[PDB]
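Undergrad: Take a look at the following structure, please.
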Amino acid sequence: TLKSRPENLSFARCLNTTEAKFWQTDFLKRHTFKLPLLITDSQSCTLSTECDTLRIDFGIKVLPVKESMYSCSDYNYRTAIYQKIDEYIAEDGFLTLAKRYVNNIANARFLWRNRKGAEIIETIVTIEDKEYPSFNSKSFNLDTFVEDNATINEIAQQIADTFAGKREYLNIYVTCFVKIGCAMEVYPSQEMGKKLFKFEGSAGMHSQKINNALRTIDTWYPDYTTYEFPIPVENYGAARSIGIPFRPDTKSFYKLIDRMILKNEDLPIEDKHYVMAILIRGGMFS
Amino acid sequence: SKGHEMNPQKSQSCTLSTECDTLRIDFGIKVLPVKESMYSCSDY
Amino acid sequence: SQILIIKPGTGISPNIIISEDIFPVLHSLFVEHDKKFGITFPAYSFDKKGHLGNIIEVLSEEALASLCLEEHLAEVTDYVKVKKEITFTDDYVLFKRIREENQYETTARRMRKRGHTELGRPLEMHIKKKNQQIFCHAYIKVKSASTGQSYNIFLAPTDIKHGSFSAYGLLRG
Amino acid sequence: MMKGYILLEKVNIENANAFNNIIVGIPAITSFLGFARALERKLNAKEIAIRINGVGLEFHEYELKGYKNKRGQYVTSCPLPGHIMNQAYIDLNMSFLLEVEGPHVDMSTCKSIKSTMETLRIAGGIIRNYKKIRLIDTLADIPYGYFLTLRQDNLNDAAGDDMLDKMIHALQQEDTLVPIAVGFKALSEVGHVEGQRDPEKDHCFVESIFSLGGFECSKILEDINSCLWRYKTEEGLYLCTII
Amino acid sequence: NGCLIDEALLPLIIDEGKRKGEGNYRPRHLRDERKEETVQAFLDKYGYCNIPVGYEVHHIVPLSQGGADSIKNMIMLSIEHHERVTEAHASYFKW
RNA sequence: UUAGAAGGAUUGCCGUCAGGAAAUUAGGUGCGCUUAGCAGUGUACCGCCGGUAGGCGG
């Protein structure tokens with residue numbers, strides 16, 4: 001009857017992320033130019049007088065959702081979960097959730113703060129030694145996701161394939177070119193004065209913040225018409241910028257997966273998107 | 001984060017360098033006989 | 001009054017988008033028009049330390065139609081929401097600036113160039129005492145016009161309910 | 001006739017009469033409920049008109065006047081007379097819970113109890129200090145102490161010929177049981193014998209009766225009446241109980 | 001006036017609490033209550049009529065480290081300076 | 001209110017004497033681990049009117 005969730009339950013990530021590096025280059029000559037961005041002692045990083053282009057490089061491992069189980073103490077819960085995933089990967093191709101994640105990689109939300117004064121900002125994404133056409137980032141706004149561009153349809157479909165389980169893996173390598181201006185300041189992540197984070201000597205952003213940026217796709221939260229802005233997808237909808245939970249005890253994943261596997265019910269596809277969006281993270285236990 | 005609801009901590013996360021793309025795992029095993037593997041038995 | 005909305009949950013905090021996105025462009029618009037306008041923080045919240053808010057409101061007594069805010073703020077759309085309606089209302093608090101004295105060094109020069117010869121501790125009492133109370137109020141950075149310095153202004157309620165303006169859009173003596 | 005619970009928190013009795021004949025230490029509970037009738041007697045001397053019906057005792061801290069020897073047996077200490085009759089004394093940081101019913105229970109009658117209790121003594125002991133006098137609404141509104149319940153069922157269902165033998169057997173089974181003094185049994189018929197405290201009251205020679213009681217924790221106790229003491233007067237068997 | 005304006009005498013302000021706070025930890029159940037009459041009387045110490053803007057009180061000897069809610073114990077710290085001394089008493093006594 | 005009262009207290013050399021010790025096998029087995037936004041804008045400057053009172057311009 002599947003009366004309760006198991007004592008130990010965990011899902012692995014399916015959007016694994018590099019610690020993003022930084023580089024300083026020039027927009028005019030960018031494909032043949034790269035310079036390290038040292039942190040340059042309250043630590044504070046800034047560009048050189050000549051170089052004017054931040055060159056953030058990050059990689060994304062996409063893994064299937066079925067083979068991301070890591071601990072389950074009831075086989076009945078396991079088969080039901082796999083069946084629920086199958087239910088979805090058949091109805092939808094996981095393209096909607098893919099399109100959302102890839103849109104976040106297409107509109108420069110990974111650049112949390114380092115995108116204010118960017119005149120021209122270019123995002124290049126490569127998979128499997130196949131360089132894709134340029135993603136201009138200022139054209140795509142950061143509230144409404146887009147669904148009718150061919151190349152972003154291409155990469156999104158590939159991500160959907162591995163997500164569904166058709167592919168066992170999919171590595172993504174993105175280089176983003178920010179013309180922040182000559183001798184301007186770049187803002188890397190902080191780690192516990194103002195202690196700046198160093199990756200391989202050069203500065204860079206924590207992988208967590210970057211993954212938080214690629215996770216902001218929640219547009220199906222209950223109180224949306226009111227806020228009308230995408231929030232990052234956690235279990236309780238806790239956007240730290242506002243300060244209040246955005247799903248108390250109604251559409252929470254805890255309650256939602258207690259109404260999907262615990263009690264057989266055909267959920268709306270808006271809420272089924274969220275249950276699988278959560279599945280990308282982990283820690284859903286008792 | 002939040003879990004089972006009704007200050008940052010340090011964590012270690014090793015990663016491959018930017019140039020490298022391969023993990024090498026080095027180990028060994030000593031295979032030893034089963035017969036001369038009794039360390040304590042109290043009855044001949 | 002015209003309400004300019006900080007779009008929330010977009011990344012950065014509201015105060016940096018207040019400091020480098022709306023205030024700088026407003027400063028130019030306010031000074032070039034000879035009729036002065038005003039800046040109001042409807043969501044101003046002095047809990048322990050200031051927190052400007054999530055809204056700014058531009059206020060006056062046709063001159064707001066001559067401000068042309070549709071086209072002067074078209075570069076930060078993915079960040080600032082421009083409400084097209086210009087309604088008038090009375091639920092406003094206007095805002096004054098609180099001086100933060102000056103760095104001991106700055107005052108020392110001033111008070112040595114034309115002042116007394118011997119001057120020690122009492123500046124280290126007076127400046128520090130007034131500043132702490134002043135520095136806890138809400139702060140906006142503004143890039144300079146002709147001095148090249150980073151001025152951290154400090155904003156506070158006035159309740160004057162009607163008055164004149166400065167080039168920054170605040171109350172003045 | 002509203003009923004309310006008034007908590008007198010951390011009352012520090014100094015030199016209460018610990019000696020009660022066969023029982024030395026915990027004083028007779030008749031002292032601790034005659035404190036309630038004295039605190040009601042002087043309140044109806046004023047215009048408060050409160051009738052206290054029950055009082056619960058929470059023994060938070062204790063000290064017996066005396067010294068521990070090498071072996072472990074205490075030796076009690078007494079004041080020097082101005083021939084020393086058998087006597088012993090105890091200090092008690094204990095908190096009262098008063099079931100109070102009457103015209104009205106309010107914070108002004110807590111202030112009246114605050115004024116009135118500073119001229120009172122509990123078991124012949126002066127009051128040094130008090131923490132707070134507050135009306136409580138639930139068991140949570142009571143600080144961490146240990147109430148004195150009457151575990152008469154342990155004494156009744158105890159193996160022995162006589163009830164003393166039963167009490168000796170009872171203290172040899174559970175250790176938290178303490179033998180406590182409760183009431184007075186009549187030894188003669190009532191009448192106007194000469195030499196009384198107040199000539200108009202009928203007078204009866206008595207003998208203290210004793211029982212076995214237990215200590216129950218604050219957040220382990222169930223209900224509030226279960227820890228409230230009351231006066232009951234059968235013919236010739238005056239005593240305070242828990243019912 | 002009652003306010004820790006000078007930051008030079010600050011290190012004594014941590015050291016006196018740490019000296020009477022070391023091995024003086026006391027669970028909340030046995031700690032003094034934060035009665036509002038104490039900050040009321042400390043406002044009536046010198047004028048004020050309310051807590052002054054941007055200054056706010058601090059038990060020189062941490063409440064947890066056996067402190068009293070008396071007049072001769074409390075002080076006004078700056079907010080950034082209160083952050084410094086509360087990081088000090090967080091680290092030193094290991095709350 | 002086992003109600004109602006109480007000055008225990010003046011005084012002292014605890015010291016001399018010493019063989020604890022002789023023998024051992026700790027130990028044999030193991031999934032830690034799934035996920036995680038650091039900041040109030042870093043927080044400010046430089047001059048002006050004046051007896052170390054108050055303000056002001058950018």
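Chain labels run A, B, ... following the order of the structure tokens; each chain numbers its residues from 1, and ligands are numbered from 1 in the order shown.
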Quick one: pick out all alpha helix (DSSP H) residues within stretch 1-77 of chain E from a backbone DSSP run and write them as a ChimeraX atom specification.
TA: /E:10-19,36-43
Undergrad: Could you list, as a PDB file with N, CA and C atoms (P, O5', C5', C4', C3', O3' and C1' of nucleotides), in the first residue's frame, every residue within 8 Å of residue C:51, counting only C-alpha atoms (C1' of nucleotides) and ignoring same-chain residues fewer than 3 positions away?
TA:
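part_8.pdb, written as the output of this step:
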ATOM      1  N   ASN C  15      19.779  47.011  -3.141  1.00  0.00           N
ATOM      2  CA  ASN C  15      20.411  48.290  -2.840  1.00  0.00           C
ATOM      3  C   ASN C  15      21.470  48.600  -3.901  1.00  0.00           C
ATOM      4  N   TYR C  44      10.801  51.810   2.652  1.00  0.00           N
ATOM      5  CA  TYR C  44      11.887  52.135   3.607  1.00  0.00           C
ATOM      6  C   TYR C  44      11.567  51.439   4.926  1.00  0.00           C
ATOM      7  N   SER C  45      12.548  50.768   5.524  1.00  0.00           N
ATOM      8  CA  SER C  45      12.274  49.985   6.751  1.00  0.00           C
ATOM      9  C   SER C  45      13.463  50.084   7.702  1.00  0.00           C
ATOM     10  N   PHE C  46      13.377  50.938   8.725  1.00  0.00           N
ATOM     11  CA  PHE C  46      14.537  51.134   9.632  1.00  0.00           C
ATOM     12  C   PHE C  46      14.501  50.093  10.750  1.00  0.00           C
ATOM     13  N   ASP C  47      14.737  48.822  10.416  1.00  0.00           N
ATOM     14  CA  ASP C  47      14.823  47.765  11.459  1.00  0.00           C
ATOM     15  C   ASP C  47      16.295  47.604  11.844  1.00  0.00           C
ATOM     16  N   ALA C 138      20.445  54.290   6.405  1.00  0.00           N
ATOM     17  CA  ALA C 138      20.512  53.698   5.075  1.00  0.00           C
ATOM     18  C   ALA C 138      21.450  54.482   4.165  1.00  0.00           C
TER      19      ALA C 138
ATOM     20  P     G F  40      23.727  40.067   4.205  1.00  0.00           P
ATOM     21  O5'   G F  40      24.274  41.561   4.215  1.00  0.00           O
ATOM     22  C5'   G F  40      23.642  42.560   5.008  1.00  0.00           C
ATOM     23  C4'   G F  40      23.153  43.694   4.148  1.00  0.00           C
ATOM     24  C3'   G F  40      24.159  44.168   3.106  1.00  0.00           C
ATOM     25  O3'   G F  40      23.475  44.565   1.922  1.00  0.00           O
ATOM     26  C1'   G F  40      23.614  45.959   4.549  1.00  0.00           C
TER      27        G F  40
END
Undergrad: From the set C:17, C:98, C:59, C:4, which residue has the shortest atom-to-atom contact distance to residue C:130, counting only C-alpha atoms?
TA: C:98
Undergrad: Pick from A:283, A:248, A:36, A:268: nearest to residue A:10, with only C-alpha atoms counted?
TA: A:283
Undergrad: For chain B, report every residue with an atom at most 12 Å from chain F (counting only C-alpha atoms (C1' of nucleotides)), formatted as a list in words.
TA: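 That gives the following set of residues: residues 1, 2, 3, 7, 8, 9, 10, 11, 37, 38, 39, 40 and 41 of chain B.
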Undergrad: How about saving the chosen residues, N, CA, C and O atoms kept, as a compact mmCIF listing (two decimals), in the first residue's frame?
TA:
# COMPACT_ATOMS: atom_id res chain seq x y z
N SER B 1 20.77 24.37 4.07
CA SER B 1 19.60 23.86 3.37
C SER B 1 18.53 23.55 4.41
O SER B 1 18.70 23.85 5.60
N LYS B 2 17.43 22.95 3.98
CA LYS B 2 16.34 22.60 4.87
C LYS B 2 15.86 21.19 4.57
O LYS B 2 15.71 20.81 3.41
N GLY B 3 15.62 20.41 5.63
CA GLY B 3 15.13 19.06 5.48
C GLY B 3 14.33 18.59 6.68
O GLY B 3 14.76 18.78 7.82
N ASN B 7 24.54 29.43 9.82
CA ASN B 7 26.00 29.54 9.74
C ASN B 7 26.56 28.49 8.79
O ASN B 7 26.24 27.31 8.91
N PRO B 8 27.39 28.92 7.84
CA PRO B 8 28.00 27.97 6.91
C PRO B 8 29.02 27.06 7.58
O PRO B 8 29.68 27.43 8.55
N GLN B 9 29.12 25.84 7.05
CA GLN B 9 30.09 24.85 7.49
C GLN B 9 31.06 24.55 6.36
O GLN B 9 30.74 24.69 5.18
N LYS B 10 32.27 24.14 6.73
CA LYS B 10 33.28 23.80 5.75
C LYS B 10 33.02 22.41 5.18
O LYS B 10 32.62 21.50 5.91
N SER B 11 33.24 22.26 3.88
CA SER B 11 33.13 20.97 3.22
C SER B 11 34.28 20.84 2.25
O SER B 11 34.85 21.84 1.79
N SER B 37 44.45 -19.10 6.82
CA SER B 37 43.78 -17.87 7.20
C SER B 37 42.98 -18.02 8.49
O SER B 37 42.26 -17.09 8.85
N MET B 38 43.25 -19.09 9.25
CA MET B 38 42.63 -19.23 10.59
C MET B 38 43.54 -18.54 11.62
O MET B 38 44.69 -18.99 11.78
N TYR B 39 43.05 -17.48 12.27
CA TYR B 39 43.80 -16.74 13.25
C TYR B 39 43.53 -17.21 14.67
O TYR B 39 44.44 -17.15 15.51
N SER B 40 42.32 -17.70 14.96
CA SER B 40 41.98 -18.22 16.28
C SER B 40 40.79 -19.17 16.16
O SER B 40 39.70 -18.73 15.79
N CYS B 41 41.01 -20.45 16.46
CA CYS B 41 39.94 -21.44 16.58
C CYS B 41 40.20 -22.27 17.83
O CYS B 41 41.32 -22.75 18.04
Undergrad: Find the distance between atom CA of residue C:73 and atom CA of residue A:138 and write it in Å to one decimal.
TA: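 Computing it gives 14.8 Å between the two atoms.
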Undergrad: If you count only C-alpha atoms (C1' of nucleotides), which residues fall within 10 Å of residue D:110, apart from same-chain ones fewer than 6 positions away, as a PyMOL selection string?
TA: chain D and resi 6-8+116+132-135
Undergrad: Report as a ChimeraX atom specification: the residues of stretch 4-145 of chain C with a DSSP assignment of strand (DSSP E), based on the backbone of this structure.
TA: /C:4-6,38-40,55-59,80-82,95-97,138-143
Undergrad: How would the residues just chosen look if you wrote them out with C-alpha atoms as a CSV table (one decimal), in the first residue's frame?
TA:
chain,number,residue,atom,x,y,z
C,4,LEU,CA,9.8,52.3,-10.3
C,5,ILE,CA,9.9,48.7,-9.2
C,6,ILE,CA,13.0,46.8,-8.3
C,38,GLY,CA,11.9,64.0,-5.4
C,39,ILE,CA,12.9,60.5,-4.4
C,40,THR,CA,10.8,58.5,-1.9
C,55,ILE,CA,10.3,50.3,-4.5
C,56,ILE,CA,11.4,53.8,-5.3
C,57,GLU,CA,8.9,56.5,-6.0
C,58,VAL,CA,9.5,59.7,-8.1
C,59,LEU,CA,7.4,62.6,-6.8
C,80,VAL,CA,14.0,47.7,-13.2
C,81,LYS,CA,10.3,47.7,-14.0
C,82,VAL,CA,8.9,51.0,-15.3
C,95,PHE,CA,13.5,62.0,2.7
C,96,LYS,CA,16.4,64.1,3.8
C,97,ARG,CA,20.2,63.4,3.8
C,138,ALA,CA,20.5,53.7,5.1
C,139,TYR,CA,23.4,54.3,2.6
C,140,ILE,CA,23.5,54.9,-1.1
C,141,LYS,CA,26.8,55.1,-3.1
C,142,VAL,CA,27.0,57.7,-5.9
C,143,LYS,CA,29.8,58.2,-8.4
Undergrad: Should the cut-off be 8 Å, what would the residue list for chain C against chain F look like, counting only C-alpha atoms (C1' of nucleotides), as a JSON list (two decimals) with N, CA, C and O atoms, in the first residue's frame?
TA:
[["chain", "number", "residue", "atom", "x", "y", "z"],
["C", 15, "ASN", "N", 19.78, 47.01, -3.14],
["C", 15, "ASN", "CA", 20.41, 48.29, -2.84],
["C", 15, "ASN", "C", 21.47, 48.60, -3.90],
["C", 15, "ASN", "O", 21.67, 49.77, -4.24],
["C", 16, "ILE", "N", 22.14, 47.58, -4.46],
["C", 16, "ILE", "CA", 23.13, 47.83, -5.50],
["C", 16, "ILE", "C", 22.47, 48.28, -6.81],
["C", 16, "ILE", "O", 22.96, 49.21, -7.47],
["C", 19, "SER", "N", 21.71, 51.72, -6.25],
["C", 19, "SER", "CA", 22.88, 52.59, -6.18],
["C", 19, "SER", "C", 23.46, 52.89, -7.55],
["C", 19, "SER", "O", 23.85, 54.03, -7.82],
["C", 49, "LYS", "N", 19.10, 48.52, 11.26],
["C", 49, "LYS", "CA", 19.82, 49.34, 10.27],
["C", 49, "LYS", "C", 18.93, 49.51, 9.04],
["C", 49, "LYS", "O", 18.12, 48.60, 8.79],
["C", 50, "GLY", "N", 19.08, 50.61, 8.30],
["C", 50, "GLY", "CA", 18.17, 50.90, 7.17],
["C", 50, "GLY", "C", 18.10, 49.77, 6.16],
["C", 50, "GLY", "O", 18.98, 48.90, 6.19],
["C", 51, "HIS", "N", 17.07, 49.78, 5.31],
["C", 51, "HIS", "CA", 16.95, 48.76, 4.23],
["C", 51, "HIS", "C", 16.18, 49.38, 3.06],
["C", 51, "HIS", "O", 15.24, 48.73, 2.59],
["C", 102, "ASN", "N", 33.26, 64.02, 8.50],
["C", 102, "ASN", "CA", 34.30, 63.71, 7.48],
["C", 102, "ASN", "C", 35.39, 62.88, 8.15],
["C", 102, "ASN", "O", 35.49, 62.94, 9.40],
["C", 106, "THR", "N", 40.46, 64.56, 6.93],
["C", 106, "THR", "CA", 39.82, 65.68, 6.19],
["C", 106, "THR", "C", 39.59, 66.83, 7.14],
["C", 106, "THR", "O", 40.00, 67.96, 6.81],
["C", 119, "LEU", "N", 45.34, 70.34, 18.24],
["C", 119, "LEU", "CA", 44.00, 69.76, 18.16],
["C", 119, "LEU", "C", 44.16, 68.25, 18.07],
["C", 119, "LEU", "O", 44.64, 67.74, 17.05],
["C", 122, "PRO", "N", 39.77, 65.35, 21.07],
["C", 122, "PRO", "CA", 38.36, 65.75, 20.89],
["C", 122, "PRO", "C", 37.78, 65.58, 19.49],
["C", 122, "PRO", "O", 36.57, 65.35, 19.38],
["C", 123, "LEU", "N", 38.58, 65.65, 18.42],
["C", 123, "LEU", "CA", 38.05, 65.26, 17.12],
["C", 123, "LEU", "C", 37.80, 63.76, 17.05],
["C", 123, "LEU", "O", 36.78, 63.32, 16.51],
["C", 126, "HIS", "N", 34.47, 63.45, 18.74],
["C", 126, "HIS", "CA", 33.31, 64.08, 18.11],
["C", 126, "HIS", "C", 32.93, 63.37, 16.81],
["C", 126, "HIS", "O", 31.75, 63.04, 16.60],
["C", 139, "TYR", "N", 22.24, 53.75, 3.38],
["C", 139, "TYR", "CA", 23.35, 54.32, 2.64],
["C", 139, "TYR", "C", 23.23, 54.01, 1.15],
["C", 139, "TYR", "O", 22.90, 52.89, 0.77],
["C", 140, "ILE", "N", 23.51, 55.02, 0.33],
["C", 140, "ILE", "CA", 23.54, 54.89, -1.12],
["C", 140, "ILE", "C", 24.87, 55.42, -1.62],
["C", 140, "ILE", "O", 25.27, 56.53, -1.26],
["C", 141, "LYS", "N", 25.58, 54.63, -2.42],
["C", 141, "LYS", "CA", 26.78, 55.12, -3.07],
["C", 141, "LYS", "C", 26.41, 55.86, -4.35],
["C", 141, "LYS", "O", 25.47, 55.50, -5.06],
["C", 144, "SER", "N", 30.91, 60.35, -8.45],
["C", 144, "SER", "CA", 31.00, 61.80, -8.41],
["C", 144, "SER", "C", 30.84, 62.42, -9.79],
["C", 144, "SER", "O", 30.95, 61.76, -10.82],
["C", 145, "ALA", "N", 30.57, 63.73, -9.78],
["C", 145, "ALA", "CA", 30.43, 64.51, -11.01],
["C", 145, "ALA", "C", 31.70, 65.29, -11.34],
["C", 145, "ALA", "O", 32.14, 65.29, -12.50],
["C", 146, "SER", "N", 32.31, 65.96, -10.35],
["C", 146, "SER", "CA", 33.49, 66.77, -10.62],
["C", 146, "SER", "C", 34.58, 66.61, -9.57],
["C", 146, "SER", "O", 35.60, 67.31, -9.65],
["C", 147, "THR", "N", 34.42, 65.71, -8.59],
["C", 147, "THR", "CA", 35.43, 65.49, -7.57],
["C", 147, "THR", "C", 36.08, 64.12, -7.63],
["C", 147, "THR", "O", 37.16, 63.95, -7.03],
["C", 149, "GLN", "N", 35.12, 61.16, -6.30],
["C", 149, "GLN", "CA", 35.16, 60.48, -4.98],
["C", 149, "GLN", "C", 33.91, 59.60, -4.81],
["C", 149, "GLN", "O", 32.90, 59.86, -5.49],
["C", 150, "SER", "N", 33.99, 58.59, -3.93],
["C", 150, "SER", "CA", 32.82, 57.72, -3.66],
["C", 150, "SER", "C", 32.05, 58.26, -2.45],
["C", 150, "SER", "O", 32.50, 58.03, -1.31],
["C", 151, "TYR", "N", 30.93, 58.96, -2.70],
["C", 151, "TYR", "CA", 30.16, 59.57, -1.58],
["C", 151, "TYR", "C", 29.10, 58.59, -1.11],
["C", 151, "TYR", "O", 28.18, 58.28, -1.89],
["C", 152, "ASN", "N", 29.22, 58.10, 0.13],
["C", 152, "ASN", "CA", 28.15, 57.24, 0.68],
["C", 152, "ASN", "C", 27.15, 58.15, 1.40],
["C", 152, "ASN", "O", 27.47, 58.59, 2.52]]
Undergrad: Would you mind listing what lies within 12 Å of residue A:247 as a list in words, with only C-alpha atoms (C1' of nucleotides) counted and same-chain residues fewer than 3 positions away left out?
TA: residues 218, 220, 221, 222, 223, 224, 231, 232, 233, 234, 235, 236, 237, 238, 239, 244, 250, 251, 252, 253, 254, 255, 256 and 274 of chain A
Undergrad: Please, could you write that set of residues out with N, CA, C and O atoms as an mmCIF file, in the first residue's frame?
TA:
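And here is the file that came out, part-v8.cif:
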data_model
loop_
_atom_site.group_PDB
_atom_site.id
_atom_site.type_symbol
_atom_site.label_atom_id
_atom_site.label_comp_id
_atom_site.auth_asym_id
_atom_site.auth_seq_id
_atom_site.Cartn_x
_atom_site.Cartn_y
_atom_site.Cartn_z
ATOM 1 N N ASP A 218 11.526 27.604 -11.367
ATOM 2 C CA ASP A 218 10.194 27.433 -10.721
ATOM 3 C C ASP A 218 9.272 28.578 -11.144
ATOM 4 O O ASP A 218 9.452 29.704 -10.629
ATOM 5 N N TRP A 220 5.905 27.559 -11.592
ATOM 6 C CA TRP A 220 4.604 26.895 -11.328
ATOM 7 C C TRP A 220 4.299 26.915 -9.829
ATOM 8 O O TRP A 220 3.432 26.130 -9.389
ATOM 9 N N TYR A 221 4.985 27.774 -9.069
ATOM 10 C CA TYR A 221 4.695 27.896 -7.611
ATOM 11 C C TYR A 221 3.304 28.518 -7.449
ATOM 12 O O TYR A 221 2.882 29.305 -8.324
ATOM 13 N N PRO A 222 2.565 28.215 -6.359
ATOM 14 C CA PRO A 222 1.194 28.694 -6.218
ATOM 15 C C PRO A 222 0.997 30.200 -6.356
ATOM 16 O O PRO A 222 0.174 30.620 -7.194
ATOM 17 N N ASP A 223 1.800 30.978 -5.548
ATOM 18 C CA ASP A 223 1.619 32.459 -5.541
ATOM 19 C C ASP A 223 2.451 33.103 -6.654
ATOM 20 O O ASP A 223 3.341 33.911 -6.323
ATOM 21 N N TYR A 224 2.108 32.808 -7.949
ATOM 22 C CA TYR A 224 2.979 33.314 -9.047
ATOM 23 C C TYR A 224 2.405 34.607 -9.623
ATOM 24 O O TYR A 224 3.139 35.619 -9.656
ATOM 25 N N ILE A 231 11.767 31.524 -9.379
ATOM 26 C CA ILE A 231 12.519 31.357 -8.098
ATOM 27 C C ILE A 231 13.329 30.056 -8.187
ATOM 28 O O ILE A 231 12.922 29.170 -8.973
ATOM 29 N N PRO A 232 14.461 29.889 -7.467
ATOM 30 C CA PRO A 232 15.180 28.608 -7.471
ATOM 31 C C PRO A 232 14.393 27.488 -6.804
ATOM 32 O O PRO A 232 13.605 27.705 -5.880
ATOM 33 N N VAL A 233 14.628 26.270 -7.290
ATOM 34 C CA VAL A 233 13.785 25.114 -6.965
ATOM 35 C C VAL A 233 14.430 24.389 -5.787
ATOM 36 O O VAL A 233 15.374 23.614 -5.940
ATOM 37 N N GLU A 234 13.915 24.654 -4.593
ATOM 38 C CA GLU A 234 14.157 23.823 -3.422
ATOM 39 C C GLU A 234 12.839 23.223 -2.948
ATOM 40 O O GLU A 234 11.785 23.430 -3.554
ATOM 41 N N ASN A 235 12.924 22.463 -1.851
ATOM 42 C CA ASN A 235 11.783 21.686 -1.377
ATOM 43 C C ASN A 235 10.667 22.579 -0.851
ATOM 44 O O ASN A 235 9.483 22.281 -1.048
ATOM 45 N N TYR A 236 11.019 23.674 -0.183
ATOM 46 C CA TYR A 236 10.034 24.536 0.453
ATOM 47 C C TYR A 236 9.899 25.885 -0.239
ATOM 48 O O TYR A 236 9.105 26.719 0.209
ATOM 49 N N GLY A 237 10.624 26.100 -1.338
ATOM 50 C CA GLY A 237 10.611 27.361 -2.059
ATOM 51 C C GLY A 237 11.107 28.536 -1.242
ATOM 52 O O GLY A 237 10.350 29.471 -0.967
ATOM 53 N N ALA A 238 12.375 28.500 -0.847
ATOM 54 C CA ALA A 238 12.941 29.483 0.073
ATOM 55 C C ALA A 238 13.915 30.369 -0.696
ATOM 56 O O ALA A 238 15.126 30.140 -0.688
ATOM 57 N N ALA A 239 13.380 31.398 -1.344
ATOM 58 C CA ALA A 239 14.213 32.398 -1.995
ATOM 59 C C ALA A 239 14.792 33.313 -0.926
ATOM 60 O O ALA A 239 14.044 33.966 -0.190
ATOM 61 N N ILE A 244 10.780 34.881 2.762
ATOM 62 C CA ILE A 244 9.703 34.018 3.245
ATOM 63 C C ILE A 244 9.622 32.775 2.365
ATOM 64 O O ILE A 244 10.034 32.821 1.197
ATOM 65 N N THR A 250 1.541 23.336 1.257
ATOM 66 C CA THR A 250 0.471 23.070 0.271
ATOM 67 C C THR A 250 1.062 22.350 -0.922
ATOM 68 O O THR A 250 0.676 21.185 -1.157
ATOM 69 N N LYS A 251 1.967 23.008 -1.653
ATOM 70 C CA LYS A 251 2.562 22.407 -2.875
ATOM 71 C C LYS A 251 4.015 21.989 -2.599
ATOM 72 O O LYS A 251 4.774 21.811 -3.576
ATOM 73 N N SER A 252 4.382 21.836 -1.323
ATOM 74 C CA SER A 252 5.752 21.382 -0.970
ATOM 75 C C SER A 252 6.013 19.998 -1.581
ATOM 76 O O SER A 252 5.054 19.199 -1.671
ATOM 77 N N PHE A 253 7.263 19.723 -1.965
ATOM 78 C CA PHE A 253 7.613 18.397 -2.540
ATOM 79 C C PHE A 253 7.219 17.313 -1.544
ATOM 80 O O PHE A 253 6.639 16.285 -1.955
ATOM 81 N N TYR A 254 7.529 17.536 -0.267
ATOM 82 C CA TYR A 254 7.196 16.538 0.785
ATOM 83 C C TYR A 254 5.734 16.120 0.620
ATOM 84 O O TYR A 254 5.462 14.905 0.511
ATOM 85 N N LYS A 255 4.818 17.094 0.588
ATOM 86 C CA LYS A 255 3.410 16.772 0.390
ATOM 87 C C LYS A 255 3.135 16.246 -1.015
ATOM 88 O O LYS A 255 2.235 15.419 -1.195
ATOM 89 N N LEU A 256 3.891 16.709 -2.016
ATOM 90 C CA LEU A 256 3.582 16.362 -3.402
ATOM 91 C C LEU A 256 3.970 14.922 -3.728
ATOM 92 O O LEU A 256 3.270 14.244 -4.489
ATOM 93 N N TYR A 274 7.660 20.090 -11.251
ATOM 94 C CA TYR A 274 8.386 20.430 -9.995
ATOM 95 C C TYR A 274 8.903 19.172 -9.304
ATOM 96 O O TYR A 274 10.064 19.180 -8.842
#
Undergrad: Select, from C:20, C:124, C:70, C:101, the residue with the minimum atom-to-atom distance to residue E:8, counting only C-alpha atoms.
TA: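 Counting only C-alpha atoms, the residue closest to residue E:8 is C:124.
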Undergrad: For a quick test of understanding: name the residues of chain D lying within 6 Å of chain F when counting only C-alpha atoms (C1' of nucleotides), and present them as JSON, numbers by chain.
TA: {"D": [20, 31, 34, 35, 79, 80, 81, 82, 123]}
Undergrad: Could you list the residues in chain E lying within 10 Å of chain C, using only C-alpha atoms, and format the result as a list in words?
TA: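 Only these qualify: residues 3, 4, 5, 6, 7, 52, 53, 54, 55, 56, 77, 78, 79, 80 and 81 of chain E.
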